[PDB]
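Residues per chain are reported as follows:
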Amino acid sequence: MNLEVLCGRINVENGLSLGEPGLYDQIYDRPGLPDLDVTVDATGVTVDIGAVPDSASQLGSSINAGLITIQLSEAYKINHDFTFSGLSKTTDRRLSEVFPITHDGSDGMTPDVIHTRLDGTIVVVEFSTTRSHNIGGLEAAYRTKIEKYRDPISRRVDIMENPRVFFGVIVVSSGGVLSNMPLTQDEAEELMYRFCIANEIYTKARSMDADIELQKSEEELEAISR
């Protein structure tokens, strides 16, 4: 899963585009989860991931079996970080490093991706997950990202010449993906399987340290606006 390939699948002619949302429901014959043993201590979360079962769909091809550790201070966002690690070429750039400074309070907003393409198009992408199994939950996460970033980016676009900016949102849940980045069904299914593993790991970690849930709640709360 490659970030440049994904960003190449959108076209913005002039201005700021929010694309078209598309729903990818879960339809593959999905394999079971791999064995996951989770131990939580002051170092952080240690996970032993078994091998992904075989299946015709071949889902899980992005899962590395073996041992991994997440520092406890970041366990709260396991669901995010594990689901999208294949796409998180993380440098964490702020808007002002690609957009004109406006001093409107948003210059320091850091989306998951800011990528400039060879043709000059600027693609800002935001990743999200929800544990709800209801279409409203997917829609809520997606709307929340749209509302967080549309006004700042639109303000920036109004004071540029020839801006071609696309704001992408990908929301992954157990039962579907909602995205304005065009995906293949296989890519969406792999994201959903990764999320299933991530949520199992997170649930196990939270059973030993409940405070991470609180951290998750507060942190997404602050992420509503800054």
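Residues numbered from 1 in each chain as written, not as in the entry; some residues may be left out. Heavy atoms only, no water.

In terms of determination method and resolution, the entry is listed under X-ray crystallography at 2.400 Å.

As annotated in the PDB entry, the protein chain is RNA polymerase from Severe fever with thrombocytopenia virus. According to the record, the entry carries the title "SFTSV L endonuclease domain".

(A) Seen up close, the packing of helix 4 (residues 185–208) against helix 5 (residues 211–223). Where helix 4 contacts helix 5, the two axes come as close as 7 Å, and the packing angle between them is 120°. Classified by the interaxial angle, the pair formed by helix 4 and helix 5 is oblique. In contact with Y202, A205 and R206 of helix 4, helix 5 contributes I212, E213 and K216. A class-by-class count of the residues in the contact of helix 4 with helix 5 yields 3 nonpolar, no polar and 3 charged. (Axes fitted to C-alpha atoms, helices over the stretch in contact; angles between N-to-C directions. Helix = DSSP H or I, 4+ residues; strand = E, 2+ residues; numbered from the N terminus. Parallel < 35°, antiparallel > 145°, perpendicular 65-115°, else oblique. Contact = heavy atoms within 4.5 Å. Nonpolar A, V, L, I, M, F, W, Y, C, P; charged D, E, K, R; others polar.)

(B) Geometry of the packing of aromatic side chains. Applying the stated rule across the entire model yields 2 aromatic pairs. On the numbers, 4.6 Å between centres and 10° between planes, the contact of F84 with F127 is stacked. Taken together, the residues span a long stretch of sequence, with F84 in the loop between helix 2 (78–83) and strand 6 (113–116) and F127 in strand 7 (residues 122–129) at a distance of 43 residues. Exposure remark for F84: the relative accessible area of 1% places this residue in the buried category. (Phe/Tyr/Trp six-rings, centres within 6.5 Å; stacked < 30°, edge-to-face > 60°. Buried < 20%, exposed > 50% of the residue type's maximum accessible area, 1.4 Å probe, protein only.)

(C) Fine view of the pairing of strand 8 (residues 164–172). Summarising burial for strand 8: 9 of the 9 residues are buried, a large majority. Covered by surrounding structure in strand 8 are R164, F166, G168, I170 and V172 together with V165, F167, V169 and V171, the residues of both alternating faces. As paired strands, strand 1 (residues 15–17) and strand 8 are joined by 3 bridges and run parallel to one another. Looking at the pairing, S17 lines up with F166 of strand 8. With 8 bridges joining them, strand 7 and strand 8 adopt parallel strand pairing. (Pairing = 2+ DSSP bridges.)

(D) View of the environment of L138. Looking at the secondary structure, you find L138 in helix 3 (residues 135–158). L138 sits 39 residues away from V177 along the chain, and the two C-alpha atoms are 7.5 Å apart.

(E) Looking closely at the side chain of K148. Take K148: it is sitting in helix 3. In this structure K148 is buried but unpaired, with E126 as the nearest side chain of opposite charge at 4.3 Å. A polar atom in the side chain of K148 sits 3.0 Å from the backbone oxygen of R226. Once residues lying within four places of it in the same chain are set aside, the contact partners of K148 are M109, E126, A223, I224, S225 and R226. (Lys, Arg positive; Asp, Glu negative; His and termini not counted. Salt bridge = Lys/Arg side-chain N within 4 Å of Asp/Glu carboxyl O. Polar contact = N/O pair within 3.5 Å; in protein donor to acceptor, adjacent residues only side chain to side chain.)

(F) Geometry of the sheet that holds strand 3 (residues 36–41). Taking strand neighbours across the sheet as the criterion, the 3 strands line up as 3-4-5 in an open arrangement whose pairing is antiparallel. The sheet is open, and its two borders are formed by strand 3 and strand 5 (66–71), each paired with just one other strand. Shown here is a sheet whose adjacent strand axes are inclined to one another by a mean of 15°, direction ignored. Sheet topology note: the strand 3/strand 4 (residues 44–49) ladder contains 6 bridges and is antiparallel. Looking across to strand 4, one finds that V38 is bridged to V47. Running over the sheet, helix 4 touches strand 3 and strand 4 and is turned about 40° from strand 3.

(G) Inspection of the environment of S154 at higher detail. Its location among the elements puts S154 in helix 3. Separated by 138 residues in the primary sequence, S154 and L16 have C-alpha atoms spaced 6.4 Å apart.

(H) Region of the structure containing the nonpolar core. Ranked by internal contacts, the top residues of the largest apolar core, which has 22 residues, are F84, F127, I170, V172, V177, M181 and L183. In terms of residue count, helix 4 provides more of this core than any other element does, 4 residues in total. Residues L95, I114, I122 and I146 belong to the second largest nonpolar core, which totals 19 residues. (Core = buried A, V, L, I, M, F, W, Y, C linked by side-chain atoms within 4.5 Å.)

(I) Geometry of the pattern of salt bridges. In this structure the tally under the stated criterion is 13 salt bridges. A salt bridge links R156 to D107; the nearest nitrogen and oxygen atoms lie 2.8 Å apart. A residue pair is termed long-range when its members are at least 10 positions apart, and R156 in helix 3 and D107 in the loop between helix 2 and strand 6 qualify at 49 residues. Judged on exposure class, the residue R156 and its partner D107 are both buried. Residue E126 is joined to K145 by a salt bridge in which the shortest nitrogen-to-oxygen separation is 3.1 Å.

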